[PDB]
file input-v7.cif (mmCIF, C-alpha atoms and all ligand atoms)
data_input
loop_
_atom_site.label_atom_id
_atom_site.label_comp_id
_atom_site.auth_asym_id
_atom_site.auth_seq_id
_atom_site.Cartn_x
_atom_site.Cartn_y
_atom_site.Cartn_z
CA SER C 1 17.65 -24.68 -10.17
CA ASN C 2 17.96 -21.94 -12.82
CA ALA C 3 18.78 -18.21 -13.00
CA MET C 4 15.19 -17.11 -12.86
CA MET C 5 14.44 -18.96 -9.64
CA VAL C 6 17.60 -17.47 -8.15
CA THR C 7 16.67 -13.93 -9.11
CA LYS C 8 13.24 -14.39 -7.58
CA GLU C 9 14.50 -15.77 -4.29
CA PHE C 10 17.17 -13.05 -4.21
CA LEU C 11 14.48 -10.36 -4.50
CA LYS C 12 12.28 -12.04 -1.89
CA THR C 13 15.21 -12.31 0.50
CA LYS C 14 16.65 -8.82 0.02
CA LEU C 15 13.40 -6.88 -0.19
CA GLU C 16 11.62 -9.17 2.28
CA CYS C 17 8.63 -9.43 -0.01
CA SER C 18 6.15 -11.90 -1.43
CA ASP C 19 6.68 -14.13 -4.40
CA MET C 20 4.07 -12.19 -6.37
CA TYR C 21 5.65 -8.83 -5.66
CA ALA C 22 9.08 -10.16 -6.69
CA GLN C 23 7.56 -11.55 -9.89
CA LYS C 24 6.03 -8.13 -10.54
CA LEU C 25 9.48 -6.61 -10.39
CA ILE C 26 10.85 -9.29 -12.71
CA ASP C 27 8.00 -8.84 -15.22
CA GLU C 28 8.40 -5.08 -15.17
CA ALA C 29 12.07 -5.45 -16.09
CA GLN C 30 11.20 -7.59 -19.15
CA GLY C 31 14.53 -9.43 -19.23
CA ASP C 32 16.76 -6.38 -18.92
CA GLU C 33 19.17 -7.17 -16.05
CA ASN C 34 20.30 -3.61 -15.50
CA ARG C 35 16.74 -2.38 -15.46
CA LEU C 36 15.86 -5.01 -12.84
CA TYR C 37 18.89 -4.10 -10.74
CA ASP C 38 18.04 -0.39 -10.93
CA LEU C 39 14.48 -1.14 -9.90
CA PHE C 40 15.67 -3.33 -7.04
CA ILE C 41 17.87 -0.50 -5.77
CA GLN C 42 15.07 2.10 -6.15
CA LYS C 43 12.78 -0.01 -3.98
CA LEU C 44 15.61 -0.98 -1.62
CA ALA C 45 16.24 2.73 -1.11
CA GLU C 46 12.59 3.49 -0.51
CA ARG C 47 12.30 0.67 2.00
CA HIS C 48 15.25 1.91 4.05
CA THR C 49 14.40 5.58 3.85
CA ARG C 50 10.67 5.93 4.56
CA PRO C 51 9.15 6.14 8.06
CA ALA C 52 6.27 3.72 8.73
CA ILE C 53 3.77 6.45 9.56
CA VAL C 54 3.64 10.09 8.49
CA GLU C 55 1.02 12.42 9.87
CA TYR C 56 -0.09 15.48 7.91
CA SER Z 1 -1.50 7.54 -19.58
CA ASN Z 2 -2.02 11.25 -19.97
CA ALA Z 3 -5.68 10.20 -19.88
CA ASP Z 4 -4.98 8.04 -16.77
CA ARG Z 5 -3.31 11.04 -15.19
CA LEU Z 6 -6.13 13.40 -16.10
CA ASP Z 7 -8.71 10.98 -14.65
CA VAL Z 8 -6.80 10.55 -11.42
CA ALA Z 9 -6.17 14.30 -11.20
CA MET Z 10 -9.82 15.19 -11.35
CA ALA Z 11 -10.57 12.28 -8.97
CA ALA Z 12 -8.08 13.74 -6.47
CA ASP Z 13 -9.34 17.29 -7.03
CA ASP Z 14 -12.97 16.23 -6.51
CA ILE Z 15 -12.12 14.16 -3.45
CA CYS Z 16 -10.12 16.98 -1.81
CA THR Z 17 -12.79 19.56 -2.55
CA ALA Z 18 -15.52 17.28 -1.15
CA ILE Z 19 -13.50 16.40 1.96
CA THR Z 20 -12.81 20.07 2.62
CA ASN Z 21 -16.52 20.77 2.24
CA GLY Z 22 -17.20 18.13 4.90
CA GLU Z 23 -18.79 15.58 2.56
CA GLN Z 24 -18.69 11.81 2.63
CA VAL Z 25 -16.09 10.45 0.21
CA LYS Z 26 -14.64 7.13 -0.83
CA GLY Z 27 -10.85 6.83 -1.21
CA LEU Z 28 -8.88 5.91 -4.31
CA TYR Z 29 -7.17 2.61 -4.99
CA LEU Z 30 -4.29 3.64 -7.26
CA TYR Z 31 -2.54 0.81 -9.01
CA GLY Z 32 -0.16 0.13 -11.82
CA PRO Z 33 3.51 -0.37 -12.79
CA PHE Z 34 6.45 0.85 -10.73
CA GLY Z 35 7.24 4.54 -10.76
CA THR Z 36 4.10 5.97 -12.33
CA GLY Z 37 3.54 8.45 -9.49
CA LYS Z 38 1.00 6.68 -7.27
CA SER Z 39 2.76 7.48 -3.96
CA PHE Z 40 3.44 10.98 -5.26
CA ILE Z 41 -0.25 11.58 -5.82
CA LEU Z 42 -1.16 10.22 -2.40
CA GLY Z 43 1.38 12.73 -1.03
CA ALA Z 44 -0.13 15.50 -3.16
CA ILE Z 45 -3.56 14.73 -1.76
CA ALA Z 46 -2.21 14.76 1.81
CA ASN Z 47 -0.46 18.08 1.22
CA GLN Z 48 -3.51 19.60 -0.52
CA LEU Z 49 -5.63 18.66 2.48
CA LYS Z 50 -2.95 19.99 4.82
CA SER Z 51 -3.10 23.31 2.98
CA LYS Z 52 -6.79 23.46 3.94
CA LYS Z 53 -6.11 22.53 7.58
CA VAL Z 54 -7.43 18.99 7.08
CA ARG Z 55 -5.45 16.20 8.72
CA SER Z 56 -4.48 12.93 7.09
CA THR Z 57 -2.03 10.08 7.60
CA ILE Z 58 0.05 8.08 5.14
CA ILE Z 59 1.24 4.66 6.17
CA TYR Z 60 4.12 3.20 4.23
CA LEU Z 61 3.02 -0.40 4.54
CA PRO Z 62 6.31 -2.32 4.19
CA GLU Z 63 7.92 -0.42 7.10
CA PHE Z 64 4.67 -0.43 9.11
CA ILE Z 65 4.54 -4.19 8.88
CA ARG Z 66 8.30 -4.54 9.49
CA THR Z 67 8.05 -2.46 12.68
CA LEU Z 68 5.04 -4.43 13.93
CA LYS Z 69 6.70 -7.75 13.07
CA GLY Z 70 9.99 -6.84 14.69
CA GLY Z 71 8.43 -5.48 17.83
CA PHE Z 72 8.30 -2.06 19.41
CA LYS Z 73 7.83 -0.19 22.69
CA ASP Z 74 7.00 3.49 23.41
CA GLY Z 75 8.24 5.89 20.93
CA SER Z 76 6.92 7.79 18.07
CA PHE Z 77 5.68 4.61 16.39
CA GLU Z 78 3.57 3.43 19.29
CA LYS Z 79 2.09 6.84 19.80
CA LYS Z 80 1.26 7.16 16.08
CA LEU Z 81 0.08 3.54 15.78
CA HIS Z 82 -2.63 4.07 18.37
CA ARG Z 83 -4.22 6.83 16.13
CA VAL Z 84 -4.16 5.14 12.72
CA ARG Z 85 -7.34 3.02 12.84
CA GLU Z 86 -9.50 6.06 13.60
CA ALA Z 87 -7.54 8.66 11.58
CA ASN Z 88 -9.99 10.90 9.76
CA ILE Z 89 -8.22 10.24 6.44
CA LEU Z 90 -5.91 7.25 6.01
CA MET Z 91 -3.71 6.16 3.13
CA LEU Z 92 -2.07 2.74 2.82
CA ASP Z 93 0.85 3.34 0.50
CA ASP Z 94 2.30 0.33 -1.36
CA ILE Z 95 0.08 -2.45 -0.10
CA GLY Z 96 1.45 -5.51 -1.86
CA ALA Z 97 5.08 -4.60 -1.12
CA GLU Z 98 5.01 -5.68 2.53
CA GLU Z 99 6.07 -9.03 3.94
CA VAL Z 100 2.89 -11.05 4.48
CA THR Z 101 2.56 -11.90 8.16
CA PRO Z 102 -0.75 -13.55 9.08
CA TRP Z 103 -0.94 -12.22 12.65
CA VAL Z 104 -0.35 -8.66 11.44
CA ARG Z 105 -2.74 -9.09 8.53
CA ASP Z 106 -5.49 -10.52 10.77
CA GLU Z 107 -4.97 -8.74 14.11
CA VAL Z 108 -4.05 -5.27 12.83
CA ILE Z 109 -4.88 -4.63 9.16
CA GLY Z 110 -8.15 -6.59 8.88
CA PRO Z 111 -9.77 -5.05 11.96
CA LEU Z 112 -8.51 -1.63 10.88
CA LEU Z 113 -10.12 -2.01 7.48
CA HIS Z 114 -13.34 -3.36 8.99
CA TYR Z 115 -13.50 -0.35 11.32
CA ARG Z 116 -12.94 2.14 8.55
CA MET Z 117 -15.46 0.30 6.36
CA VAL Z 118 -18.30 0.36 8.85
CA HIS Z 119 -17.62 3.93 9.94
CA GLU Z 120 -17.06 5.12 6.37
CA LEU Z 121 -13.68 6.67 7.07
CA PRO Z 122 -11.89 7.64 3.86
CA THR Z 123 -9.16 5.17 3.07
CA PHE Z 124 -6.77 5.37 0.12
CA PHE Z 125 -4.42 2.75 -1.30
CA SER Z 126 -1.57 2.37 -3.70
CA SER Z 127 -0.39 -0.94 -5.11
CA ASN Z 128 1.36 -2.62 -8.00
CA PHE Z 129 -1.50 -5.15 -7.87
CA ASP Z 130 -5.15 -5.01 -8.99
CA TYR Z 131 -7.68 -6.29 -6.45
CA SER Z 132 -7.54 -9.91 -7.67
CA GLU Z 133 -3.75 -10.03 -7.60
CA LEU Z 134 -3.68 -8.38 -4.19
CA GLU Z 135 -6.12 -10.95 -2.88
CA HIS Z 136 -3.76 -13.66 -4.06
CA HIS Z 137 -0.72 -11.87 -2.54
CA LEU Z 138 -2.52 -11.67 0.81
CA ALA Z 139 -2.74 -15.44 1.10
CA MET Z 140 0.44 -16.90 2.58
CA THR Z 141 -0.59 -20.33 1.36
CA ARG Z 142 -3.09 -22.26 -0.68
CA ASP Z 143 -4.71 -23.23 2.62
CA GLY Z 144 -8.40 -22.72 2.98
CA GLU Z 145 -8.23 -20.54 6.05
CA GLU Z 146 -5.71 -18.31 4.34
CA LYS Z 147 -7.94 -17.96 1.29
CA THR Z 148 -10.88 -16.95 3.52
CA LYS Z 149 -8.84 -14.40 5.52
CA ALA Z 150 -7.42 -12.88 2.35
CA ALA Z 151 -10.93 -12.68 0.84
CA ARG Z 152 -12.19 -10.80 3.90
CA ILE Z 153 -9.38 -8.32 3.57
CA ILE Z 154 -9.86 -7.71 -0.13
CA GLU Z 155 -13.65 -7.25 0.11
CA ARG Z 156 -13.04 -4.60 2.75
CA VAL Z 157 -10.49 -2.90 0.50
CA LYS Z 158 -13.00 -2.95 -2.35
CA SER Z 159 -15.79 -1.49 -0.21
CA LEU Z 160 -13.45 1.35 0.77
CA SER Z 161 -12.09 2.32 -2.64
CA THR Z 162 -12.56 3.21 -6.25
CA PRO Z 163 -9.86 1.74 -8.51
CA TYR Z 164 -7.78 3.86 -10.90
CA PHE Z 165 -5.07 2.49 -13.17
CA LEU Z 166 -1.94 4.57 -13.86
CA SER Z 167 -0.18 3.29 -16.83
CA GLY Z 168 3.41 2.91 -17.66
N1 LIG C 201 3.62 14.45 -10.93
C1 LIG C 201 4.99 14.30 -10.51
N2 LIG C 201 5.58 15.51 -10.58
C2 LIG C 201 6.91 15.67 -10.23
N3 LIG C 201 7.65 14.59 -9.81
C3 LIG C 201 7.04 13.36 -9.75
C4 LIG C 201 5.73 13.19 -10.09
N4 LIG C 201 5.39 11.86 -9.92
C5 LIG C 201 6.51 11.22 -9.48
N5 LIG C 201 7.52 12.16 -9.36
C6 LIG C 201 8.57 11.30 -8.92
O1 LIG C 201 8.68 10.26 -9.70
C7 LIG C 201 9.23 9.14 -8.83
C8 LIG C 201 8.39 8.00 -8.84
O2 LIG C 201 7.10 8.33 -8.35
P1 LIG C 201 6.36 7.36 -7.22
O3 LIG C 201 5.12 8.13 -6.68
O4 LIG C 201 7.36 6.91 -6.16
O5 LIG C 201 5.94 6.07 -8.06
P2 LIG C 201 5.03 4.90 -7.67
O6 LIG C 201 3.85 4.84 -8.57
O7 LIG C 201 5.85 3.70 -7.85
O8 LIG C 201 4.63 5.00 -6.27
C9 LIG C 201 9.32 9.81 -7.38
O9 LIG C 201 10.69 10.42 -7.23
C10 LIG C 201 8.43 10.71 -7.40
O10 LIG C 201 8.71 11.74 -6.42
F1 LIG C 202 7.40 1.63 -7.28
BE1 LIG C 202 5.98 2.04 -6.89
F2 LIG C 202 5.66 2.45 -5.42
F3 LIG C 202 4.84 1.29 -7.60
MG MG C 203 4.95 3.97 -4.48
#

call {"tool": "encode", "arguments": {"input": "input-v7.cif", "output": "structure tokens", "more": "lines below"}}
Ligand SMILES: Nc1ncnc2c1ncn2[C@@H]1O[C@H](COP(=O)(O)OP(=O)(O)O)[C@@H](O)[C@H]1O
Ligand code: BEF
Ligand SMILES: [Mg+2]
result
Amino acid sequence: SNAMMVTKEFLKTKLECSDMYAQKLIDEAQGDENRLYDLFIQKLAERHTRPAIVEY
Amino acid sequence: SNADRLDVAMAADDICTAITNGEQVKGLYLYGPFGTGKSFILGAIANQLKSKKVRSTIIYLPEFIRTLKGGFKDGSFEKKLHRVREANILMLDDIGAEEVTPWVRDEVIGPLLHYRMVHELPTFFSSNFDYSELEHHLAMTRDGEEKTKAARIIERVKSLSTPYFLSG
């Protein structure tokens, strides 16, 4: 019903994450759209790059 | 945050030295804002231990949960999954970033954490959440049963770890 709700559901949908985690991303960006987008992509990249389990 | 970093560095140094000397240790719960180097430090600990011929495992929780949720059969994941609960040193990287799935939380993670708690197996964590926030994240709903399950999880996490904040 407003841009903030949209951004939150977009993050939840695309990162497949909780409401609280998405809100953490939003808070971290502090209103800077580009910063939020960059953060989104950083985490998107990590999610699609890392193996579930790594043994050392 | 230099101070944060110094504190965590001597925590990691002490923990690695103790582990290598065969002592009982408690893992770190590293938390704070995005990109402060929490996962990096868990990796540095794993590699430090590796340099001393000590084994450890790092689970990336979002993909762990995604794989469990989506289903799997017989590959590297299944083979590795069957070792994780009793790994000598285990790290749960980015708890809080996974999709919350009650059956995975309660049938896999909870029992895993209970096991490692009662057998005092070193368990590390990284998160963007502090313990209270994580406890809230772990509850899919306001429901009573969810609150209880989440509480069980978080108390086990607390028994297993010492919290360190890494600042922005
Ligand atoms: N002490 C460090 N020395 C050199 N590079 C680092 C160090 N810490 C982080 N980097 C890099 O900074 C980026 C963010 O660190 P990361 O551990 O992913 O942050 P987070 O706290 O979110 O888990 C990564 O590319 C990581 O490899
Ligand atoms: F972006 Be990190 F893993 F907190
Ligand atoms: Mg990380």

call {"tool": "closest_residue", "arguments": {"input": "input-v7.cif", "among": "C:19, C:55, C:33, C:28", "to": "ligand LIG 201 (chain C)", "atoms": "only C-alpha atoms and all ligand atoms"}}
result
C:28

call {"tool": "atom_distance", "arguments": {"input": "input-v7.cif", "atom1": "atom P2 of ligand LIG 201 (chain C)", "atom2": "atom CA of residue C:9"}}
result
23.0 Å

call {"tool": "residues_around", "arguments": {"input": "input-v7.cif", "residues": "stretch 158-160 of chain Z", "least_positions_apart": "6", "cutoff": "9 Å", "atoms": "all atoms listed in the file", "output": "number ranges by chain"}}
result
Z: 26-29, 113, 116-117, 120-124, 131

call {"tool": "write_last_selection", "arguments": {"input": "input-v7.cif", "atoms": "C-alpha atoms", "output": "CSV table (one decimal), in the coordinates of the input"}}
result
chain,number,residue,atom,x,y,z
Z,26,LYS,CA,-14.6,7.1,-0.8
Z,27,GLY,CA,-10.8,6.8,-1.2
Z,28,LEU,CA,-8.9,5.9,-4.3
Z,29,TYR,CA,-7.2,2.6,-5.0
Z,113,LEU,CA,-10.1,-2.0,7.5
Z,116,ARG,CA,-12.9,2.1,8.6
Z,117,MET,CA,-15.5,0.3,6.4
Z,120,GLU,CA,-17.1,5.1,6.4
Z,121,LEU,CA,-13.7,6.7,7.1
Z,122,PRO,CA,-11.9,7.6,3.9
Z,123,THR,CA,-9.2,5.2,3.1
Z,124,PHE,CA,-6.8,5.4,0.1
Z,131,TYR,CA,-7.7,-6.3,-6.4

call {"tool": "interface_residues", "arguments": {"input": "input-v7.cif", "of": "chain Z", "to": "chain C", "cutoff": "7 Å", "atoms": "all atoms listed in the file", "output": "count of residues only"}}
result
17

call {"tool": "atom_distance", "arguments": {"input": "input-v7.cif", "atom1": "atom CA of residue Z:37", "atom2": "atom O4 of ligand LIG 201 (chain C)"}}
result
5.3 Å

call {"tool": "atom_distance", "arguments": {"input": "input-v7.cif", "atom1": "atom BE1 of ligand LIG 202 (chain C)", "atom2": "atom CA of residue C:3"}}
result
24.7 Å

call {"tool": "residues_around", "arguments": {"input": "input-v7.cif", "residues": "residue Z:31", "least_positions_apart": "3", "cutoff": "6 Å", "atoms": "all atoms listed in the file", "output": "list in words"}}
result
residues 126, 127, 128 and 165 of chain Z

call {"tool": "residues_near_ligand", "arguments": {"input": "input-v7.cif", "ligand": "ligand MG 203 (chain C)", "cutoff": "6 Å", "atoms": "all atoms listed in the file", "output": "list in words"}}
result
residues 38, 39 and 94 of chain Z

call {"tool": "residues_near_point", "arguments": {"input": "input-v7.cif", "point": "(-6.7, 23.5, 2.1)", "cutoff": "12 Å", "atoms": "all atoms listed in the file", "output": "PyMOL selection string"}}
result
(chain C and resi 56) or (chain Z and resi 13+16-21+44-56)

call {"tool": "axis_aligned_box", "arguments": {"input": "input-v7.cif", "around": "stretch 47-53 of chain C", "padding_each_side": "5 Å", "output": "JSON"}}
result
{"center_x": 9.5, "center_y": 3.6, "center_z": 5.8, "size_x": 21.5, "size_y": 15.8, "size_z": 17.6}

call {"tool": "residues_around", "arguments": {"input": "input-v7.cif", "residues": "residue Z:69", "least_positions_apart": "5", "cutoff": "9 Å", "atoms": "only C-alpha atoms", "output": "number ranges by chain"}}
result
Z: 64, 101, 103-104

call {"tool": "write_last_selection", "arguments": {"input": "input-v7.cif", "atoms": "C-alpha atoms", "output": "mmCIF file, keeping the file's coordinate frame"}}
result
data_model
loop_
_atom_site.group_PDB
_atom_site.id
_atom_site.type_symbol
_atom_site.label_atom_id
_atom_site.label_comp_id
_atom_site.auth_asym_id
_atom_site.auth_seq_id
_atom_site.Cartn_x
_atom_site.Cartn_y
_atom_site.Cartn_z
ATOM 1 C CA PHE Z 64 4.670 -0.430 9.110
ATOM 2 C CA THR Z 101 2.560 -11.900 8.160
ATOM 3 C CA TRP Z 103 -0.940 -12.220 12.650
ATOM 4 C CA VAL Z 104 -0.350 -8.660 11.440
#

call {"tool": "closest_residue", "arguments": {"input": "input-v7.cif", "among": "C:10, C:26, C:5, C:40", "to": "ligand LIG 202 (chain C)", "atoms": "only C-alpha atoms and all ligand atoms"}}
result
C:40

call {"tool": "closest_residue", "arguments": {"input": "input-v7.cif", "among": "C:45, C:32, C:1, C:13", "to": "ligand LIG 201 (chain C)", "atoms": "all atoms listed in the file"}}
result
C:45

call {"tool": "closest_residue", "arguments": {"input": "input-v7.cif", "among": "Z:76, Z:167, Z:67, Z:24", "to": "ligand LIG 202 (chain C)", "atoms": "only C-alpha atoms and all ligand atoms"}}
result
Z:167

call {"tool": "build_atoms", "arguments": {"input": "input-v7.cif", "residues": "stretch 21-44 of chain C", "atoms": "N, CA, C and O atoms", "output": "short mmCIF file (atom, residue, chain, number, x, y, z; two decimals), keeping the file's coordinate frame"}}
result
data_model
loop_
_atom_site.label_atom_id
_atom_site.label_comp_id
_atom_site.auth_asym_id
_atom_site.auth_seq_id
_atom_site.Cartn_x
_atom_site.Cartn_y
_atom_site.Cartn_z
N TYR C 21 5.03 -10.13 -5.52
CA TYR C 21 5.65 -8.83 -5.66
C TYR C 21 7.00 -8.95 -6.41
O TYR C 21 7.31 -8.16 -7.33
N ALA C 22 7.79 -9.96 -6.04
CA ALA C 22 9.08 -10.16 -6.69
C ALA C 22 8.87 -10.44 -8.19
O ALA C 22 9.58 -9.91 -9.05
N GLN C 23 7.88 -11.26 -8.49
CA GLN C 23 7.56 -11.55 -9.89
C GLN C 23 7.10 -10.30 -10.62
O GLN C 23 7.33 -10.17 -11.82
N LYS C 24 6.41 -9.40 -9.91
CA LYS C 24 6.03 -8.13 -10.54
C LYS C 24 7.26 -7.34 -10.94
O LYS C 24 7.33 -6.79 -12.05
N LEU C 25 8.23 -7.28 -10.05
CA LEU C 25 9.48 -6.61 -10.39
C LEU C 25 10.13 -7.24 -11.63
O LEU C 25 10.54 -6.54 -12.60
N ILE C 26 10.22 -8.57 -11.59
CA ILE C 26 10.85 -9.29 -12.71
C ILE C 26 10.11 -8.99 -14.02
O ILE C 26 10.74 -8.60 -15.02
N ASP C 27 8.79 -9.13 -14.02
CA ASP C 27 8.00 -8.84 -15.22
C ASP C 27 8.22 -7.42 -15.72
O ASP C 27 8.45 -7.20 -16.91
N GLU C 28 8.16 -6.47 -14.81
CA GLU C 28 8.40 -5.08 -15.17
C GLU C 28 9.74 -4.90 -15.87
O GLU C 28 9.85 -4.08 -16.79
N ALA C 29 10.77 -5.61 -15.44
CA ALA C 29 12.07 -5.45 -16.09
C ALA C 29 12.16 -6.03 -17.51
O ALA C 29 13.04 -5.65 -18.27
N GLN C 30 11.27 -6.97 -17.82
CA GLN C 30 11.20 -7.59 -19.15
C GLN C 30 12.53 -8.11 -19.68
O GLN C 30 12.87 -7.90 -20.85
N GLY C 31 13.29 -8.80 -18.83
CA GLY C 31 14.53 -9.43 -19.23
C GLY C 31 15.78 -8.57 -19.22
O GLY C 31 16.88 -9.07 -19.41
N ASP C 32 15.62 -7.27 -19.01
CA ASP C 32 16.76 -6.38 -18.92
C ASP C 32 17.33 -6.44 -17.49
O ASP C 32 16.68 -6.00 -16.55
N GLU C 33 18.53 -6.98 -17.35
CA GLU C 33 19.17 -7.17 -16.05
C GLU C 33 19.43 -5.86 -15.33
O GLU C 33 19.23 -5.75 -14.12
N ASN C 34 19.94 -4.89 -16.07
CA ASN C 34 20.30 -3.61 -15.50
C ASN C 34 19.06 -2.87 -15.04
O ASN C 34 19.06 -2.23 -13.99
N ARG C 35 18.00 -2.98 -15.83
CA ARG C 35 16.74 -2.38 -15.46
C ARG C 35 16.22 -3.01 -14.16
O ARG C 35 15.72 -2.31 -13.27
N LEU C 36 16.34 -4.33 -14.04
CA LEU C 36 15.86 -5.01 -12.84
C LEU C 36 16.70 -4.57 -11.65
O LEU C 36 16.17 -4.26 -10.59
N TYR C 37 18.01 -4.51 -11.84
CA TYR C 37 18.89 -4.10 -10.74
C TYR C 37 18.58 -2.67 -10.29
O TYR C 37 18.53 -2.38 -9.09
N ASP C 38 18.38 -1.78 -11.25
CA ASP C 38 18.04 -0.39 -10.93
C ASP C 38 16.72 -0.31 -10.17
O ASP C 38 16.58 0.46 -9.22
N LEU C 39 15.75 -1.11 -10.59
CA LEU C 39 14.48 -1.14 -9.90
C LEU C 39 14.60 -1.68 -8.46
O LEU C 39 14.03 -1.13 -7.51
N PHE C 40 15.34 -2.77 -8.33
CA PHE C 40 15.67 -3.33 -7.04
C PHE C 40 16.25 -2.25 -6.13
O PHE C 40 15.78 -2.08 -5.01
N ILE C 41 17.26 -1.54 -6.60
CA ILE C 41 17.87 -0.50 -5.77
C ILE C 41 16.89 0.65 -5.48
O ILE C 41 16.86 1.16 -4.36
N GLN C 42 16.09 1.08 -6.45
CA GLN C 42 15.07 2.10 -6.15
C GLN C 42 14.17 1.66 -4.99
O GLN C 42 13.91 2.44 -4.05
N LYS C 43 13.69 0.43 -5.04
CA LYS C 43 12.78 -0.01 -3.98
C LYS C 43 13.53 -0.28 -2.68
O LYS C 43 13.02 -0.04 -1.59
N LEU C 44 14.76 -0.78 -2.79
CA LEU C 44 15.61 -0.98 -1.62
C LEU C 44 15.79 0.37 -0.91
O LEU C 44 15.68 0.48 0.31
#
